[PDB]
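S.K.: Before I ask anything, here is the structure I am working with.
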Protein chains: 2
Amino acid sequence: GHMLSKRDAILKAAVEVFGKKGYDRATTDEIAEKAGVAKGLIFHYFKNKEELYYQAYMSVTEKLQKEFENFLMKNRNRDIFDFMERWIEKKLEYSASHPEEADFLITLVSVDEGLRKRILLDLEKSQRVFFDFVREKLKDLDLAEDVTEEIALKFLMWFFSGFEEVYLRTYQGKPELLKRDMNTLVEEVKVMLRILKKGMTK
Amino acid sequence: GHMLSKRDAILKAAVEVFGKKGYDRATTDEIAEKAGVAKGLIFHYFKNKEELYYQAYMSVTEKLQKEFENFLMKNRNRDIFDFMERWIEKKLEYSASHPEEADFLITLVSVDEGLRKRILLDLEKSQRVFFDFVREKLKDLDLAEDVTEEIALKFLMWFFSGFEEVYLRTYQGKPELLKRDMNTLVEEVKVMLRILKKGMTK
């Protein structure tokens with residue numbers, strides 16, 4: 001039978017180990033053992049632990065970017081709050097079904113400043129797709145006289161990205177709890193987004 | 001001349017080193033060197049790196065809790081949004097003037113689950129003072145018919161604690177940038193809190 005390529009096997013194990021232990025504590029030797037590959041193969045394909053973490057982070061985010069681009073195509077004409085609510089539902093469902101990936105993504109805060117900055121620089125183009133979309137949609141919003149497009153944008157992007165950081169951190173290692181709470185979380189999101197819309201608009 | 005006690009000297013250096021390097025990377029040997037104490041003195045007073053981090057975290061939060069209790073006494077009768085806006089201004093001013101302490105506090109996310117949980121358990125009583133205050137003040141609010149006291153509470157506590165996490169992370173190591181941006185940040189906070197109040201209330 002077909003198995004994962006050795007690179008993909010190493011990436012899988014890396015996602016697992018880094019999600020469980022964080023970047024600093026994780027060891028390349030235990031990643032290789034988990035992947036079932038000789039210790040030297042990690043150098044062969046990924047040079048060092050920093051590059052391995054980088055490649056894993058880019059591999060997982062590329063999958064997420066594909067999910068987003070598919071959603072965006074189908075939902076681009078929606079009201080922005082409606083869009084955000086629906087996308088948040090999808091991200092919750094994805095995180096519950098990809099708990100190892102979810103635990104892995106939240107480790108970025110743990111890494112040293114050089115590596116974190118490298119990743120954030122390299123992800124900016126992909127993350128800007130959603131940002132620029134919200135920015136264009138805010139033109140369709142009838143904003144309160146005292147609320148600038150800039151504050152609206154800042155607040156909405158914080159809500160969206162902060163909600164994600166909170167639930168990933170809260171349910172880290174506990175996907176059955178996320179699944180138990182998702183109906184509640186979704187109802188809560190709907191109300192919070194309604195509060196933001198009402199407060200932002202005329 | 002009077003110098004710091006050896007415990008306080010070690011705690012000072014620990015705050016510095018942990019803020020700069022995170023928990024995992026920081027070494028007790030470099031903390032002792034920075035503190036000007038023999039390497040054995042860290043064991044003598046703090047047993048291990050985990051206990052040292054714990055004691056430093058508790059020492060810094062105790063200072064912050066005193067600042068909060070002083071503010072609360074003077075401001076308890078205020079409207080809750082007004083209260084929050086004013087407290088956020090004070091926390092911004094404190095972080096700019098205590099940049100080492102600020103950088104240190106944000107490292108909690110980096111530590112292993114056992115230590116993080118220990119700290120969160122032990123801080124719950126102190127953090128509940130503010131939480132319970134917001135909860136009582138929400139009774140004075142004329143909430144929209146569709147907004148429960150529970151969602152209001154959740155949303156306000158996320159705004160307050162999330163804003164703090166974002167600015168501490170954003171300005172980590174850069175107190176001159178925080179000082180340059182504080183007037184802007186404060187104006188932004190005022191508008192966001194106004195948006196929340198409008199959206200939450202009748």
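So you can find residues: chains in the structure tokens are A, B, ... in the order shown, residues in each start at 1, and ligands are numbered from 1 in order.
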Enumerate, in order of chain and increasing residue number, the residues of chain B with an atom no farther than 8 Å from chain A, each with its shortest atom pair and distance in Å to one decimal, counting only C-alpha atoms, as a tab-separated table.

M.R.:
```
residue	atom	partner	partner_atom	distance
B:21	CA	A:112	CA	7.7
B:22	CA	A:110	CA	7.9
B:24	CA	A:24	CA	6.4
B:25	CA	A:24	CA	7.2
B:109	CA	A:110	CA	7.3
B:110	CA	A:110	CA	5.0
B:112	CA	A:21	CA	7.7
B:147	CA	A:191	CA	7.4
B:151	CA	A:188	CA	6.9
B:155	CA	A:192	CA	7.1
B:162	CA	A:162	CA	7.1
B:188	CA	A:151	CA	6.9
B:191	CA	A:147	CA	7.4
B:192	CA	A:155	CA	7.1
B:194	CA	A:199	CA	7.6
B:195	CA	A:199	CA	4.3
B:196	CA	A:199	CA	6.0
B:197	CA	A:199	CA	7.3
B:198	CA	A:199	CA	4.9
B:199	CA	A:199	CA	4.2
B:200	CA	A:195	CA	5.8
```

S.K.: Just list the residues in chain B DSSP gives alpha helix (DSSP H) on the backbone, as a PyMOL selection string.

M.R.: chain B and resi 6-25+28-35+40-46+49-75+80-97+99-105+113-137+149-170+175-200

S.K.: If we count only C-alpha atoms and set the cut-off at 12 Å, which residues sit around range 44-54 of chain A, ignoring sequence neighbours fewer than 4 positions away in its own chain? Please answer as a JSON list (two decimals) with N, CA, C and O atoms, in the first residue's frame.

M.R.:
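Wrote around-v3.json, looks like this:
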```
[["chain", "number", "residue", "atom", "x", "y", "z"],
["A", 5, "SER", "N", 4.78, 10.08, 1.60],
["A", 5, "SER", "CA", 6.20, 10.36, 1.27],
["A", 5, "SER", "C", 6.96, 10.62, 2.56],
["A", 5, "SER", "O", 6.39, 11.01, 3.59],
["A", 6, "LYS", "N", 8.27, 10.42, 2.53],
["A", 6, "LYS", "CA", 9.05, 10.61, 3.75],
["A", 6, "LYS", "C", 8.98, 12.06, 4.24],
["A", 6, "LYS", "O", 8.88, 12.33, 5.45],
["A", 7, "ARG", "N", 8.98, 13.02, 3.31],
["A", 7, "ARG", "CA", 8.83, 14.42, 3.70],
["A", 7, "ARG", "C", 7.48, 14.62, 4.41],
["A", 7, "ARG", "O", 7.42, 15.23, 5.48],
["A", 8, "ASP", "N", 6.41, 14.11, 3.81],
["A", 8, "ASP", "CA", 5.06, 14.27, 4.40],
["A", 8, "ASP", "C", 4.95, 13.52, 5.75],
["A", 8, "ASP", "O", 4.26, 13.97, 6.66],
["A", 9, "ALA", "N", 5.60, 12.36, 5.85],
["A", 9, "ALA", "CA", 5.65, 11.62, 7.13],
["A", 9, "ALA", "C", 6.34, 12.47, 8.21],
["A", 9, "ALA", "O", 5.88, 12.54, 9.34],
["A", 10, "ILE", "N", 7.44, 13.12, 7.85],
["A", 10, "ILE", "CA", 8.18, 13.95, 8.80],
["A", 10, "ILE", "C", 7.32, 15.18, 9.17],
["A", 10, "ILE", "O", 7.22, 15.54, 10.36],
["A", 11, "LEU", "N", 6.69, 15.77, 8.16],
["A", 11, "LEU", "CA", 5.80, 16.95, 8.42],
["A", 11, "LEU", "C", 4.64, 16.59, 9.34],
["A", 11, "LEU", "O", 4.30, 17.37, 10.26],
["A", 12, "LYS", "N", 4.03, 15.43, 9.12],
["A", 12, "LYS", "CA", 2.94, 14.94, 10.01],
["A", 12, "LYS", "C", 3.37, 14.82, 11.47],
["A", 12, "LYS", "O", 2.69, 15.29, 12.39],
["A", 13, "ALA", "N", 4.50, 14.15, 11.68],
["A", 13, "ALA", "CA", 5.06, 13.96, 13.01],
["A", 13, "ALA", "C", 5.45, 15.29, 13.59],
["A", 13, "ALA", "O", 5.30, 15.49, 14.79],
["A", 14, "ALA", "N", 5.97, 16.20, 12.76],
["A", 14, "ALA", "CA", 6.40, 17.51, 13.27],
["A", 14, "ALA", "C", 5.19, 18.30, 13.79],
["A", 14, "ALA", "O", 5.19, 18.83, 14.93],
["A", 15, "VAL", "N", 4.12, 18.32, 13.01],
["A", 15, "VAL", "CA", 2.87, 18.94, 13.45],
["A", 15, "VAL", "C", 2.40, 18.36, 14.80],
["A", 15, "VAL", "O", 2.02, 19.11, 15.72],
["A", 16, "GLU", "N", 2.41, 17.04, 14.93],
["A", 16, "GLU", "CA", 2.05, 16.36, 16.18],
["A", 16, "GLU", "C", 2.93, 16.78, 17.35],
["A", 16, "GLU", "O", 2.40, 17.25, 18.38],
["A", 17, "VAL", "N", 4.25, 16.63, 17.19],
["A", 17, "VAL", "CA", 5.19, 16.89, 18.29],
["A", 17, "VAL", "C", 5.23, 18.36, 18.68],
["A", 17, "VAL", "O", 5.10, 18.68, 19.87],
["A", 18, "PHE", "N", 5.37, 19.26, 17.71],
["A", 18, "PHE", "CA", 5.32, 20.71, 17.99],
["A", 18, "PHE", "C", 3.99, 21.13, 18.64],
["A", 18, "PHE", "O", 3.99, 21.96, 19.54],
["A", 19, "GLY", "N", 2.86, 20.55, 18.21],
["A", 19, "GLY", "CA", 1.56, 20.87, 18.83],
["A", 19, "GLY", "C", 1.53, 20.45, 20.30],
["A", 19, "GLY", "O", 0.96, 21.11, 21.13],
["A", 22, "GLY", "N", 5.33, 22.30, 22.00],
["A", 22, "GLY", "CA", 5.84, 23.62, 21.63],
["A", 22, "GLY", "C", 7.15, 23.48, 20.86],
["A", 22, "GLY", "O", 7.73, 22.39, 20.81],
["A", 23, "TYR", "N", 7.62, 24.60, 20.29],
["A", 23, "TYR", "CA", 8.81, 24.61, 19.46],
["A", 23, "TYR", "C", 10.08, 24.29, 20.23],
["A", 23, "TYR", "O", 10.88, 23.47, 19.81],
["A", 24, "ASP", "N", 10.26, 25.00, 21.34],
["A", 24, "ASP", "CA", 11.49, 24.88, 22.12],
["A", 24, "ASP", "C", 11.72, 23.49, 22.67],
["A", 24, "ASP", "O", 12.81, 22.95, 22.51],
["A", 25, "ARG", "N", 10.70, 22.93, 23.33],
["A", 25, "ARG", "CA", 10.79, 21.63, 23.96],
["A", 25, "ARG", "C", 10.89, 20.48, 22.95],
["A", 25, "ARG", "O", 11.63, 19.52, 23.18],
["A", 26, "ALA", "N", 10.19, 20.60, 21.81],
["A", 26, "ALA", "CA", 10.19, 19.53, 20.80],
["A", 26, "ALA", "C", 11.61, 19.22, 20.37],
["A", 26, "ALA", "O", 12.46, 20.12, 20.27],
["A", 27, "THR", "N", 11.89, 17.94, 20.12],
["A", 27, "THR", "CA", 13.20, 17.55, 19.61],
["A", 27, "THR", "C", 13.09, 16.94, 18.23],
["A", 27, "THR", "O", 12.13, 16.21, 17.95],
["A", 28, "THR", "N", 14.06, 17.23, 17.36],
["A", 28, "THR", "CA", 14.08, 16.59, 16.04],
["A", 28, "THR", "C", 14.21, 15.07, 16.19],
["A", 28, "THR", "O", 13.64, 14.32, 15.39],
["A", 29, "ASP", "N", 14.93, 14.59, 17.22],
["A", 29, "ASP", "CA", 15.08, 13.14, 17.36],
["A", 29, "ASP", "C", 13.73, 12.45, 17.59],
["A", 29, "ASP", "O", 13.45, 11.38, 17.04],
["A", 30, "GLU", "N", 12.86, 13.09, 18.38],
["A", 30, "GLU", "CA", 11.56, 12.48, 18.67],
["A", 30, "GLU", "C", 10.60, 12.62, 17.49],
["A", 30, "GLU", "O", 9.76, 11.75, 17.27],
["A", 31, "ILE", "N", 10.76, 13.71, 16.75],
["A", 31, "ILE", "CA", 10.04, 13.83, 15.47],
["A", 31, "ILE", "C", 10.46, 12.69, 14.53],
["A", 31, "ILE", "O", 9.61, 12.03, 13.95],
["A", 32, "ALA", "N", 11.76, 12.42, 14.40],
["A", 32, "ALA", "CA", 12.19, 11.34, 13.51],
["A", 32, "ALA", "C", 11.67, 9.99, 13.98],
["A", 32, "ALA", "O", 11.14, 9.22, 13.19],
["A", 37, "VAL", "N", 11.60, 7.45, 10.71],
["A", 37, "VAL", "CA", 12.69, 7.70, 9.78],
["A", 37, "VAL", "C", 14.00, 7.80, 10.56],
["A", 37, "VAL", "O", 14.00, 8.11, 11.75],
["A", 38, "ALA", "N", 15.10, 7.52, 9.87],
["A", 38, "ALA", "CA", 16.41, 7.63, 10.49],
["A", 38, "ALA", "C", 16.65, 9.08, 10.89],
["A", 38, "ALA", "O", 16.19, 10.01, 10.21],
["A", 39, "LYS", "N", 17.36, 9.29, 12.01],
["A", 39, "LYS", "CA", 17.55, 10.64, 12.54],
["A", 39, "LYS", "C", 18.18, 11.61, 11.51],
["A", 39, "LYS", "O", 17.82, 12.78, 11.46],
["A", 40, "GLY", "N", 19.10, 11.10, 10.68],
["A", 40, "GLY", "CA", 19.77, 11.89, 9.65],
["A", 40, "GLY", "C", 18.88, 12.43, 8.55],
["A", 40, "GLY", "O", 19.26, 13.37, 7.83],
["A", 58, "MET", "N", 4.10, 26.48, 7.03],
["A", 58, "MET", "CA", 3.69, 26.85, 5.68],
["A", 58, "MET", "C", 2.78, 25.78, 5.03],
["A", 58, "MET", "O", 1.83, 26.11, 4.27],
["A", 59, "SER", "N", 3.03, 24.52, 5.34],
["A", 59, "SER", "CA", 2.25, 23.43, 4.75],
["A", 59, "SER", "C", 0.81, 23.47, 5.29],
["A", 59, "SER", "O", -0.16, 23.34, 4.52],
["A", 60, "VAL", "N", 0.68, 23.64, 6.61],
["A", 60, "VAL", "CA", -0.67, 23.68, 7.23],
["A", 60, "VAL", "C", -1.45, 24.92, 6.76],
["A", 60, "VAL", "O", -2.61, 24.80, 6.38],
["A", 61, "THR", "N", -0.82, 26.09, 6.82],
["A", 61, "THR", "CA", -1.48, 27.34, 6.34],
["A", 61, "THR", "C", -1.86, 27.31, 4.86],
["A", 61, "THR", "O", -2.92, 27.85, 4.46],
["A", 104, "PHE", "N", -1.11, 22.76, 16.65],
["A", 104, "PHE", "CA", 0.13, 23.23, 16.04],
["A", 104, "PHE", "C", 0.17, 24.74, 15.73],
["A", 104, "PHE", "O", 1.12, 25.44, 16.04],
["A", 105, "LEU", "N", -0.89, 25.25, 15.13],
["A", 105, "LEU", "CA", -0.91, 26.67, 14.71],
["A", 105, "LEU", "C", -0.73, 27.65, 15.87],
["A", 105, "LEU", "O", -0.05, 28.68, 15.73],
["A", 107, "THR", "N", 1.12, 27.41, 18.36],
["A", 107, "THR", "CA", 2.47, 27.45, 18.92],
["A", 107, "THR", "C", 3.37, 28.60, 18.41],
["A", 107, "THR", "O", 4.49, 28.82, 18.92],
["A", 108, "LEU", "N", 2.93, 29.28, 17.36],
["A", 108, "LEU", "CA", 3.73, 30.35, 16.76],
["A", 108, "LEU", "C", 4.18, 31.42, 17.78],
["A", 108, "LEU", "O", 5.30, 31.95, 17.71],
["A", 110, "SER", "N", 5.06, 30.98, 20.77],
["A", 110, "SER", "CA", 6.18, 30.37, 21.53],
["A", 110, "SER", "C", 7.56, 30.55, 20.90],
["A", 110, "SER", "O", 8.54, 30.68, 21.63],
["A", 111, "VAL", "N", 7.64, 30.59, 19.56],
["A", 111, "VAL", "CA", 8.95, 30.61, 18.86],
["A", 111, "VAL", "C", 9.71, 31.94, 19.07],
["A", 111, "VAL", "O", 9.12, 32.92, 19.49],
["A", 112, "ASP", "N", 11.01, 31.95, 18.80],
["A", 112, "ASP", "CA", 11.83, 33.17, 18.95],
["A", 112, "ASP", "C", 11.42, 34.22, 17.93],
["A", 112, "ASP", "O", 10.80, 33.90, 16.91],
["A", 113, "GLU", "N", 11.81, 35.48, 18.18],
["A", 113, "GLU", "CA", 11.29, 36.60, 17.41],
["A", 113, "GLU", "C", 11.67, 36.50, 15.93],
["A", 113, "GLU", "O", 10.84, 36.84, 15.08],
["A", 114, "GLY", "N", 12.87, 36.02, 15.64],
["A", 114, "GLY", "CA", 13.36, 35.88, 14.26],
["A", 114, "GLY", "C", 12.49, 34.94, 13.44],
["A", 114, "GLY", "O", 12.06, 35.28, 12.33],
["A", 115, "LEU", "N", 12.22, 33.76, 13.99],
["A", 115, "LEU", "CA", 11.36, 32.79, 13.32],
["A", 115, "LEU", "C", 9.91, 33.26, 13.21],
["A", 115, "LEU", "O", 9.29, 33.12, 12.15],
["A", 116, "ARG", "N", 9.36, 33.82, 14.28],
["A", 116, "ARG", "CA", 7.99, 34.30, 14.23],
["A", 116, "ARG", "C", 7.85, 35.36, 13.12],
["A", 116, "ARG", "O", 6.87, 35.34, 12.38],
["A", 117, "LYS", "N", 8.83, 36.25, 13.05],
["A", 117, "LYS", "CA", 8.78, 37.37, 12.09],
["A", 117, "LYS", "C", 8.90, 36.80, 10.69],
["A", 117, "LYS", "O", 8.15, 37.19, 9.81],
["A", 118, "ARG", "N", 9.82, 35.86, 10.48],
["A", 118, "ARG", "CA", 9.96, 35.20, 9.18],
["A", 118, "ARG", "C", 8.61, 34.65, 8.68],
["A", 118, "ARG", "O", 8.22, 34.91, 7.54],
["A", 119, "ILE", "N", 7.90, 33.94, 9.55],
["A", 119, "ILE", "CA", 6.62, 33.34, 9.21],
["A", 119, "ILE", "C", 5.58, 34.40, 8.94],
["A", 119, "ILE", "O", 4.92, 34.34, 7.92],
["A", 120, "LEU", "N", 5.50, 35.40, 9.80],
["A", 120, "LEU", "CA", 4.50, 36.45, 9.61],
["A", 120, "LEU", "C", 4.74, 37.21, 8.30],
["A", 120, "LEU", "O", 3.78, 37.57, 7.59],
["A", 121, "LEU", "N", 6.02, 37.46, 7.96],
["A", 121, "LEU", "CA", 6.36, 38.14, 6.68],
["A", 121, "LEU", "C", 5.87, 37.29, 5.51],
["A", 121, "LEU", "O", 5.25, 37.80, 4.56],
["A", 122, "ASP", "N", 6.12, 36.00, 5.58],
["A", 122, "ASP", "CA", 5.82, 35.09, 4.49],
["A", 122, "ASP", "C", 4.33, 34.74, 4.37],
["A", 122, "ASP", "O", 3.86, 34.31, 3.30],
["A", 123, "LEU", "N", 3.58, 34.94, 5.46],
["A", 123, "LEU", "CA", 2.13, 34.70, 5.44],
["A", 123, "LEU", "C", 1.33, 35.95, 5.08],
["A", 123, "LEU", "O", 0.08, 35.87, 4.86]]
```

S.K.: One decimal, in Å: what's the spacing between CA of residue 153 in chain B and CA of residue 127 in chain B?

M.R.: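 So the answer is 14.3 Å.
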